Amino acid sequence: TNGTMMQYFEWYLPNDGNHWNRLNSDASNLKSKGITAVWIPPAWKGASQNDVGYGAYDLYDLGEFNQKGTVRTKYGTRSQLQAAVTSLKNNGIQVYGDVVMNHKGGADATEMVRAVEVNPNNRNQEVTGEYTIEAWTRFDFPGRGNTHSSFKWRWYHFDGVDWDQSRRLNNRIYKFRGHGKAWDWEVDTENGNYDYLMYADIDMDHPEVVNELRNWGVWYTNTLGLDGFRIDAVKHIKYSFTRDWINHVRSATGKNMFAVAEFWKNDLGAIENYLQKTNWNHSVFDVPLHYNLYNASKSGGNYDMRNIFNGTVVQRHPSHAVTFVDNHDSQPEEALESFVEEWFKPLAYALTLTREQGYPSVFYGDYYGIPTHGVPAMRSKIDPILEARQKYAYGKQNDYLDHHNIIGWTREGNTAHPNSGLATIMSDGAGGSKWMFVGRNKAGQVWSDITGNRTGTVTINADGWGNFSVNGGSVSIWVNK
């Protein structure tokens, strides 16, 4: 009940290989703050040492083999990582490992491959005849040999690439030619077929590939003792594959692994399709909510706050929604930059942390800051919201998203939690107040703002109503503390 997930990394973390240790020694602190699950960054060897991990080179090298010019990953060695997991396990925190199965970058060598170019804006249309290119599709893993796995990757294990080493032409997408070669399906339909994204695109139609990735999922789960996954770029991956992959792993390990997929599209329709196609066997990040939050932080008070939840996954399918404010892609400078402004950030964290629907997530970047880009640590403002979730956010919810600026909602609390119950009120504009029902058994109680933004108190009247207030462009969470 009331769990809180935390993405434990940001894109511009320093390449000092001491991240696993930071996580190791921060376990006790996080669990006390209300964090119940940590989603760790790619644990495997990328195309280089300072690769964030998405340039997935070898999924069996968790900072254990000398490859790509280093033994450790950007975050550390395999032993440091496992010492980190142990620390989290001892503090009763679950561990979610990231998962990159859409592609493989940093190949060991090139191969001559027959292929055709396709239209970047419609990968279903071949724009050239068949011809030979030089693609980075060969993986032998010199530093690992056959340790853990003997599987070797070759061009026929992929559907295509975006780079021909023999000509070095820009803005090209190459679809490989051969027996049964075609972009995968089903996948997102933007650009005709969105199977191809970057690097060497893995072919989910090849049985050896499916078999291998499933086997790796199990090895990866048992090796680290993972409690779940954060699956990368699922809109570019065959939907049925991901579904059956997750099922395979849950079955082969006897664990009901939690799974949150990143279907990055600001479209609920597309996301619902993915959910239906994957038989609802796992959750998805609420990308639309993130954009609603972002757009609101950018409207200077003119966002109609009554709609903050329109078109969002948490509103339509709350059981399958992992709600977040920001991540490594939305942070400053990144490809999908859409950073929720600082002033609005705490309102955004109250919207995800104090409501009963959705599985909330805290971003490392917002919590500890992103010094390279001037983002201050906001844990001092997030901690109060975390405590409200851990101790107060329980019981029946009564919404009050009935004003273009000032919206709010209360939680009546339940006996399972001593003194539970809260009244969240926020304004993206001018301050004010709002009468809200918190429960008749609360009559006479004297409530205070756990964020400390408002210093007074609110006395619940004999009928269960309290007249709560909030400052402009701010959030207040009144509880019976």
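Just count from 1 along the sequence shown to find any residue number.
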Average Cα temperature factor in the PDB entry - higher stretch of 148 to 156, 166 to 174: 166 to 174
Stretch with the higher entry mean CA B-factor, where the candidates are 334 to 342 and 293 to 301: 334 to 342
Largest Cα B-factor, entry values, listed residues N102, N307, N122, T410: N122
Out of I93, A200, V325, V260, highest CA B-factor residue: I93
Third of chain Cα B-factors occupied by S380: middle
Position of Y367 among the chain's modelled residues by C-alpha B-factor, lowest, middle or highest third: lowest
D195 CA temperature factor, ranked by third within the chain: lowest
Among modelled residues of the same chain, the CA temperature factor third for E111: highest
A233 CA temperature factor, ranked by third within the chain: lowest
